[PDB]
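Below, each value reflects all heavy atoms present in this structure, side chains not excepted, and no hydrogens, waters or symmetry copies. Just so you know, residue 1 is the first one in the sequence shown, and it goes up from there.
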Amino acid sequence: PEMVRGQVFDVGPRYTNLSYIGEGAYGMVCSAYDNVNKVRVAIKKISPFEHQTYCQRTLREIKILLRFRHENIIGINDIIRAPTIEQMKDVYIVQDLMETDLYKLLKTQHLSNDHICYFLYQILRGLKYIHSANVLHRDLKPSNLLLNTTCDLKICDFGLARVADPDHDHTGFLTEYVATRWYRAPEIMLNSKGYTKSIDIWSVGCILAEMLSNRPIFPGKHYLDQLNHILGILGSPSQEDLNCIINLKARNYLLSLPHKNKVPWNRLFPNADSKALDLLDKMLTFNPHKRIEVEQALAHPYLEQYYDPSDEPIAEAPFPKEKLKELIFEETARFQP
Ligand SMILES: O=C(CN1Cc2ccc(-c3nc(NC4CCOCC4)ncc3Cl)cc2C1=O)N1CCc2ccccc2CC1
């Protein structure tokens, strides 16, 4: 049984020669040599079984990633676990190894306009498929966009994903939320549970802005500071957009703020392609009803060199800790001999 950083890796003998990569609240990640398909692979040790929310997230991802098949969405190649529930303490998810992610890339590299266009194309192409399955990713951010040495992009981390539920999207003002702060749509802080496809388009808009300057566009330091940053650039909402917020606490908060003028995109991004900034504007629309949809974004002039709806496929099949351990056990059975 190989060891890495105070953790066993029961992955062998198929997978050998491990090197550490990263870790989190309930898992660790290594590269490894796969002896059957003769390549290095990524492996994620997940240890969720003590906690119901980690169980929920592990199960969501497995179920989604096994149903999905798309060039721009990370797949699962293998799952390794003990042969019985009783002996199962960890799950290892095997996936294609990717050179880097967009978070690491943006911290070190200037992107050409051609790179930005191609990355945005692939994000939206993957997202078209995700949304066509009635799924919302709900945590799109640069670190969840993996890249290989030829700049092919795959969306990962479906642990916060939900089935879309637009009729049950409304909530009160300043209702707590789980997804990453800098990529949260303004409506999350006002009146939305993040159950609509528009939540994901806002995150893509933020990612686009961050590709243009190598800096997050809305770097809030805490829940309501996030709205502060958004309004600092978009300006005060229009009368019509306020009228769509019927919740009085959310409405009256916005009414309380001094007038702020829109910062023009071409002032924030003086070297950007004008067509990129037109698409940016449409993704970072304050009102989610007016916000561009994935399929319209793909059809936008900025992406004209790539747009091809016949090669932008859709999904064929849209969608306690003790029982969730069993469902994880059931869902991973197909990888056993
Ligand atoms: O598995 C997740 C969420 N993650 C975290 C992650 C890391 C890495 C990869 C990954 N990276 C690479 N190439 C890296 C090389 C070096 O440059 C960076 C990219 N290639 C393939 C994958 Cl598949 C994918 C994921 C992913 O899907 N969760 C459960 C437990 C856990 C475990 C570890 C960290 C956080 C968490 C919480 C959520």
inquiry  = Can you tell whether the side chains of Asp10 and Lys45 come within less than 4.0 Å, N to carboxylate O?
reply    = no
query = Should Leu208 and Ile123 be marked as a side chain to side chain contact (heavy atoms under 4.5 Å, CB included) after you check the CA-CA gap, both sets of side-chain angles, and the distance that decides it?
reply = CA-CA 10 Å; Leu208 175 58; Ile123 295 156; over 6 Å; no
request  = Using side chain to side chain donor-acceptor pair (under 3.5 Å) as the criterion, point out the one residue from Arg291, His170, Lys193 that pairs with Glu187.
outcome  = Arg291
query = Any chance CD of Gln336 has more than 12 other-residue heavy atoms, nucleotides or ligands included, within less than 6.0 Å?
reply = yes
key: More than 12 heavy atoms from other groups under 6.0 Å of NZ on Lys290   = yes
task = Could you walk me through whether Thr285 and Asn287 pass the side chain to side chain donor-acceptor pair (under 3.5 Å) test, one step at a time?
result = CA-CA 6 Å; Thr285 291; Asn287 184 333; over 6 Å; no
ask   = Is any NZ, NE, NH1 or NH2 atom of the basic residue among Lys323 and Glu326 found under 4.0 Å from an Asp or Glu carboxylate oxygen of the other?
value = yes
ask   = Are any of the side-chain nitrogens in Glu210 or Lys141 under 4.0 Å away from the carboxylate oxygens of its partner?
value = no
message = Under the criterion side chain to side chain donor-acceptor pair (under 3.5 Å), I'd like the reasoning laid out for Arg14 against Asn37: C-alpha separation, chi angles, the key distance, then a yes or no.
response = CA-CA 9 Å; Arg14 180 166 176 182; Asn37 310 139; 3.2 Å; yes
task = Would you confirm whether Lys325, through its side chain, and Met88, through its main-chain N or O, come within 3.5 Å as a donor-acceptor pair?
result = yes
Derivation of the side chain to side chain donor-acceptor pair (under 3.5 Å) call for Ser112 and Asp114 = CA-CA 5 Å; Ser112 75; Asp114 289 332; 4.9 Å; no
ask   = How are the rings of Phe158 and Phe68 set to each other: parallel, tilted or perpendicular (split at 30° and 60°)?
value = perpendicular
query = With under 30° as parallel and over 60° as perpendicular, where do the rings of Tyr26 and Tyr54 fit, or are they tilted in between?
reply = parallel
Shortest non-hydrogen contact between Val294 and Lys128, atoms and distance = CG2-N, 3.6 Å
ask   = Can a salt bridge be assigned to the pair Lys197 and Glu293 using a cut-off of 4.0 Å between side-chain N and carboxylate O?
value = no
request  = Return yes if a side-chain donor-acceptor contact under 3.5 Å exists between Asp169 and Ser192, otherwise no.
outcome  = yes
task = Say whether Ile201 and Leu102 are linked into one hydrophobic cluster, either directly or through other cluster members, by side-chain heavy-atom distances under 4.5 angstrom.
result = yes
ask   = How are the rings of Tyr129 and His70 set relative to one another: parallel (under 30°), tilted (30 to 60°) or perpendicular (over 60°)?
value = tilted
